[PDB]
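J.: One structure is given below, represented as structure tokens, and several questions about it will come after.
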Ligand SMILES: CCCCCCCCCCCCCCCCCC(=O)OC[C@H](COP(=O)([O-])OCC(O)COP(=O)([O-])OC[C@@H](COC(=O)CCCCCCCCCCCCCCCCC)OC(=O)CCCCCCCCCCCCCCCCC)OC(=O)CCCCCCCCCCCCCCCCC
Ligand SMILES: CCCCCCCCCCCCCCCCCC(=O)OC[C@H](COP(=O)([O-])OCC[N+](C)(C)C)OC(=O)CCCCCCCCCCCCCCCCC
């Protein structure tokens, strides 16, 4: 239920939260070929799961 | 006498003018109610306006509440 959006201003500064989110690979797609891919996380994404 | 009957007949010739006077009186009694309701309109619609307009319309008295969050980032 948690997204990085939740940490900025309430706990941490925005810049640091963006840098935290960048540490993870998050899956996204489909692309033009209908395949899925991975990208660096962004402020709008939910926490990852193991 | 014709003269007196004419005066009595004519006494009410100006009905419409008296009715306009009545309009004036009742509206004068009524119209101040616009101030309470105007204040409440503005009360409700103030937080919808831009922050700059809130600051301006209160001659700079109003400012963003300070609740201890969302401070500057060095
Ligand atoms: C003290 C001793 C004790 C005495 C005891 C006596 C007994 C009485 C008590 C008195 C004691 C104090 C008590 C406390 C009371 C106050 C607290 C209170 O009430 O809070 C409430 C409180 C509300 O809190 P809130 O809403 O969060 O408050 C946020 C603020 O309002 C913040 O909101 P905001 O900032 O967004 O507000 C906006 C505001 C912002 O306000 C301001 O910033 C105004 C600043 C004010 C300054 C003050 C000036 C006066 C002082 C000056 C000093 C003078 C000096 C001289 C004297 C000293 C020296 C001689 O601006 C406006 O309102 C609009 C502006 C004005 C509009 C008019 C238009 C004018 C245009 C101007 C024209 C001029 C040109 C301008 C253009 C520019 C270009 C030129 O209640 C709650 O939180 C809710 C409670 C839950 C209950 C729910 C109710 C029931 C619902 C259920 C219904 C469902 C059931 C069905 C129906 C049932 C029916 C029965
Ligand atoms: C006869 C009058 C009958 C009145 C009945 C009206 C009842 C329903 C009112 C709904 C108002 C909705 C306004 C739409 C805009 C979006 C609101 C909103 O949440 O914005 C975000 C804002 C906060 O913004 P924000 O932080 O989300 O980000 C956007 C920033 N701004 C707003 C600057 C763009 O939330 C609010 O402040 C809540 C809206 C309060 C406005 C209430 C208006 C009440 C209207 C009654 C006045 C009647 C006067 C008499 C008129 C009669 C004339 C004949």
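Here, each number is a calculation from the coordinates, and none is a lab measurement. Please note: Cβ atoms are built from the backbone with ideal geometry, for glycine as well, and neighbour counts cover all protein chains shown.
J.: How big is D for the protein assembly as shown, in µm² s⁻¹ as a whole number, if Stokes-Einstein is applied with the Kirkwood radius of its Cα pairs at 4 °C and 1.567 mPa s? Provide the component values of the computation, followed by the final result.
T.: Numbers: Rh = 22.6 Å.
Result for D is 57 µm²/s.
J.: Roughly how far apart, in whole Å, are the Cα centres of the range A:4-50 and the range B:4-71?
T.: 53 Å
J.: Rank these for me by crowding, B:59, B:40, going from fewest to most other beta carbons within 10 Å.
T.: Lowest count first: B:59, B:40.
J.: Relative contact order for chain A: what is it in percent, counting Cα pairs under 8 Å that are at least 6 residues apart?
T.: Reported relative contact order: 44 percent.
J.: Between helix B:15-30 and chain B, what is the angle of the helix's C-alpha long axis to the longest principal axis, kept within 0 to 90° and rounded to the nearest 10?
T.: 30 degrees
J.: So what's the angle, to the nearest 10 degrees on a 0 to 90 scale, between helix B:34-45 and the longest Cα principal axis of chain B?
T.: Computed tilt is about 30 degrees.
J.: Please report, in whole Å³, the volume per residue of the convex hull around the C-alpha atoms of chain B.
T.: 132 Å³
J.: So, one more: In nm, to one decimal, how far is the modelled label at residue B:26 from the one at residue A:45, with both set 7 Å along Cα→Cβ?
T.: 7.1 nm
J.: Turning to a different aspect of this structure: Fewest first, what order do A:16, A:5 take by the number of other Cβ atoms within 10 Å?
T.: A:16, A:5
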